[PDB]
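S.K.: Mind having a look at this structure? Questions to follow.
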Amino acid sequence: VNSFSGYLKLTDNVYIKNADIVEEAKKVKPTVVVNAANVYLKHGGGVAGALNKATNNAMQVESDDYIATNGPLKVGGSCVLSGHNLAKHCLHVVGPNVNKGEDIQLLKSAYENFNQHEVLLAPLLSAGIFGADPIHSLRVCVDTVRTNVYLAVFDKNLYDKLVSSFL
Ligand SMILES: Cc1c[nH]c2ncnc(NCC3(O)CCOCC3)c12
Ligand SMILES: [Cl-]
């Protein structure tokens, strides 16, 4: 039993809700919140910009030190950093950005990072400003993640389309 509330159950392990991931994280304080990161951990917009803003830019400060030490992530890769005031940890995961020409096949590799964590609050990877089809992202999520994932979908219209079209 966990404290996630109001989710629709899609499969044995995947749950979904129309919610602002920032507000969900502030309420639940999950062990892991997933960020829709880029390889530079530059949290400018989309989910990343919103999460970072909610930390009063502390996420960005921590991320800049991480990059200065370690260099950029790989597309499809991840790193674990602090969750600040939102969660215990933030798993920064880089899905392919279609608006940069990146290989959509890397979306499966990106979701594989979730399997290193028993329970996660997450957005759909590569959705929104990353330019992928969210219906496809949900399919890859369900077919790749085996741990317990609670998906927050900001757009109500999109949430309804994802549920209604789910096979
Ligand atoms: C931008 C943003 C702020 N707070 C959020 N919480 C959750 N998701 C988000 N964006 C990603 C999508 O949910 C958007 C529409 O289609 C699926 C991907 C955001
Ligand atoms: Cl977005």
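Note on naming: chains are A, B, ... as they come in the structure tokens, residues start from 1 per chain, ligands start from 1 in the order shown.
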Identify, counting only C-alpha atoms and all ligand atoms, the protein, DNA and RNA residues located within 7 Å of ligand 2, and give them as a PyMOL selection string.
M.R.: chain A and resi 46-47+127-129
S.K.: Go ahead and write the residues just picked, N, CA and C atoms, as a JSON list (two decimals), in the first residue's frame.
M.R.:
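Full text of again_10.json as output:
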```
[["chain", "number", "residue", "atom", "x", "y", "z"],
["A", 46, "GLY", "N", 9.04, 22.79, -20.07],
["A", 46, "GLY", "CA", 8.35, 21.52, -19.93],
["A", 46, "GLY", "C", 8.33, 21.09, -18.48],
["A", 47, "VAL", "N", 8.30, 19.77, -18.28],
["A", 47, "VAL", "CA", 8.32, 19.21, -16.93],
["A", 47, "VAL", "C", 9.56, 19.68, -16.16],
["A", 127, "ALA", "N", 7.33, 13.00, -24.23],
["A", 127, "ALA", "CA", 6.09, 13.69, -24.56],
["A", 127, "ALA", "C", 6.29, 15.20, -24.45],
["A", 128, "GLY", "N", 5.21, 15.95, -24.66],
["A", 128, "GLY", "CA", 5.31, 17.39, -24.55],
["A", 128, "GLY", "C", 6.32, 17.95, -25.52],
["A", 129, "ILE", "N", 7.16, 18.87, -25.03],
["A", 129, "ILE", "CA", 8.11, 19.58, -25.89],
["A", 129, "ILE", "C", 9.21, 18.68, -26.45]]
```
S.K.: Write out as JSON, numbers by chain which residues come within 7 Å of residue A:21 when counting only C-alpha atoms, dropping same-chain ones fewer than 3 positions away.
M.R.: {"A": [24, 25, 152]}
S.K.: Keeping only N, CA, C and O atoms, write the selected residues as a PDB file, in the first residue's frame.
M.R.:
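Produced file part_9.pdb, reproduced below:
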```pdb
ATOM      1  N   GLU A  24       1.557  16.893  -7.565  1.00  0.00           N
ATOM      2  CA  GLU A  24       1.552  15.515  -7.081  1.00  0.00           C
ATOM      3  C   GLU A  24       2.755  15.249  -6.185  1.00  0.00           C
ATOM      4  O   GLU A  24       2.622  14.670  -5.101  1.00  0.00           O
ATOM      5  N   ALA A  25       3.945  15.653  -6.634  1.00  0.00           N
ATOM      6  CA  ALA A  25       5.148  15.422  -5.843  1.00  0.00           C
ATOM      7  C   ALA A  25       5.068  16.134  -4.501  1.00  0.00           C
ATOM      8  O   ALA A  25       5.396  15.552  -3.460  1.00  0.00           O
ATOM      9  N   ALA A 152       1.800  10.907 -14.213  1.00  0.00           N
ATOM     10  CA  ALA A 152       1.063  12.157 -14.123  1.00  0.00           C
ATOM     11  C   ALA A 152       1.020  12.789 -15.506  1.00  0.00           C
ATOM     12  O   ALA A 152       2.070  13.054 -16.105  1.00  0.00           O
TER      13      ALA A 152
END
```
S.K.: Enumerate, in order of chain and increasing residue number, the residues of chain A with an atom no farther than 12 Å from ligand 1, each with its shortest atom pair and distance in Å to one decimal, counting only C-alpha atoms and all ligand atoms, as CSV.
M.R.:
```
residue,atom,partner,partner_atom_place_in_ligand_line,distance
A:16,CA,ligand 1,13 (O),10.7
A:17,CA,ligand 1,7 (C),9.7
A:18,CA,ligand 1,7 (C),8.4
A:19,CA,ligand 1,6 (N),6.5
A:20,CA,ligand 1,6 (N),4.1
A:21,CA,ligand 1,6 (N),3.8
A:22,CA,ligand 1,4 (N),5.8
A:23,CA,ligand 1,4 (N),8.2
A:24,CA,ligand 1,6 (N),8.4
A:25,CA,ligand 1,6 (N),9.6
A:26,CA,ligand 1,6 (N),11.9
A:33,CA,ligand 1,6 (N),10.9
A:34,CA,ligand 1,7 (C),10.0
A:35,CA,ligand 1,8 (N),9.4
A:36,CA,ligand 1,11 (C),8.0
A:37,CA,ligand 1,11 (C),11.3
A:43,CA,ligand 1,1 (C),11.2
A:44,CA,ligand 1,1 (C),10.5
A:45,CA,ligand 1,1 (C),7.0
A:46,CA,ligand 1,1 (C),3.7
A:47,CA,ligand 1,2 (C),3.9
A:48,CA,ligand 1,1 (C),7.4
A:49,CA,ligand 1,1 (C),7.5
A:50,CA,ligand 1,3 (C),5.2
A:51,CA,ligand 1,4 (N),7.2
A:52,CA,ligand 1,3 (C),10.3
A:53,CA,ligand 1,3 (C),10.2
A:54,CA,ligand 1,4 (N),10.2
A:95,CA,ligand 1,18 (C),11.7
A:121,CA,ligand 1,7 (C),9.8
A:122,CA,ligand 1,7 (C),7.7
A:123,CA,ligand 1,8 (N),5.0
A:124,CA,ligand 1,18 (C),5.1
A:125,CA,ligand 1,18 (C),7.1
A:126,CA,ligand 1,18 (C),7.3
A:127,CA,ligand 1,18 (C),4.1
A:128,CA,ligand 1,14 (C),4.4
A:129,CA,ligand 1,11 (C),7.7
A:130,CA,ligand 1,18 (C),8.6
A:131,CA,ligand 1,18 (C),9.3
A:132,CA,ligand 1,18 (C),9.0
A:133,CA,ligand 1,16 (O),8.5
A:134,CA,ligand 1,17 (C),5.6
A:135,CA,ligand 1,17 (C),8.7
A:136,CA,ligand 1,17 (C),10.5
A:137,CA,ligand 1,17 (C),8.6
A:138,CA,ligand 1,17 (C),9.0
A:150,CA,ligand 1,7 (C),11.1
A:151,CA,ligand 1,7 (C),8.1
A:152,CA,ligand 1,7 (C),5.2
A:153,CA,ligand 1,13 (O),3.9
A:154,CA,ligand 1,7 (C),4.4
A:155,CA,ligand 1,15 (C),5.3
A:156,CA,ligand 1,15 (C),8.6
A:157,CA,ligand 1,15 (C),8.9
A:158,CA,ligand 1,16 (O),6.0
A:159,CA,ligand 1,16 (O),7.6
A:160,CA,ligand 1,16 (O),10.8
A:161,CA,ligand 1,16 (O),10.1
A:162,CA,ligand 1,17 (C),9.1
```
S.K.: Could you pull the residues within 6 Å of stretch 101-116 of chain A, counting only C-alpha atoms, minus those fewer than 6 positions along the same chain, as a PyMOL selection string?
M.R.: chain A and resi 76-77+95+145+147
S.K.: So which residues touch residue A:13 within 8 Å, counting only C-alpha atoms, skipping near sequence neighbours fewer than 6 positions away, as a PDB file with C-alpha atoms, in the first residue's frame?
M.R.:
```pdb
ATOM      1  CA  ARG A 146       8.218  -3.682 -14.572  1.00  0.00           C
ATOM      2  CA  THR A 147       8.362  -1.682 -11.339  1.00  0.00           C
ATOM      3  CA  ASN A 148       5.425   0.351 -10.021  1.00  0.00           C
ATOM      4  CA  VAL A 149       5.003   3.574 -11.984  1.00  0.00           C
TER       5      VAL A 149
END
```
S.K.: Between A:67, A:75, A:58, A:141, which is the closest to residue A:100 once you count only C-alpha atoms?
M.R.: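 Once distances to residue A:100 are computed over only C-alpha atoms, the minimum belongs to A:75.
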S.K.: One number please: atom CA of residue A:165 to atom CA of residue A:32, in Å, one decimal.
M.R.: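 Separation of atom CA of residue A:165 and atom CA of residue A:32: 27.8 Å.
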S.K.: May I ask for the distance between atom CA of residue A:85 and atom CA of residue A:118, given in Å to one decimal place?
M.R.: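 Atom CA of residue A:118 lies 20.5 Å from atom CA of residue A:85.
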S.K.: What parts of chain A does DSSP call strand (DSSP E or B)? I'd like the answer as a ChimeraX atom specification.
M.R.: /A:8-9,14-18,32-36,78-82,89-93,119-122,148-153
S.K.: Rank A:29, A:98, A:15, A:144 by their smallest atom-to-atom distance to residue A:3, using only C-alpha atoms, and report the top residue only.
M.R.: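 Checking each candidate against residue A:3, we get A:29 as the closest.
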S.K.: Suppose you want the space between atom CA of residue A:78 and atom CA of residue A:39; what is it in Å?
M.R.: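 If I compute the distance from atom CA of residue A:78 to atom CA of residue A:39, I get 8.7 Å.
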S.K.: Taking only stretch 4-102 of chain A into account, list the residues labelled helix (DSSP H, G or I) by DSSP (computed from the backbone), as a ChimeraX atom specification.
M.R.: /A:21-28,46-54,58-70,98-100
S.K.: Using only C-alpha atoms, pick whichever of A:117, A:84, A:92, A:9 has the shortest atom-to-atom distance to residue A:40.
M.R.: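 Among A:117, A:84, A:92, A:9, it is A:92 that comes nearest to residue A:40.
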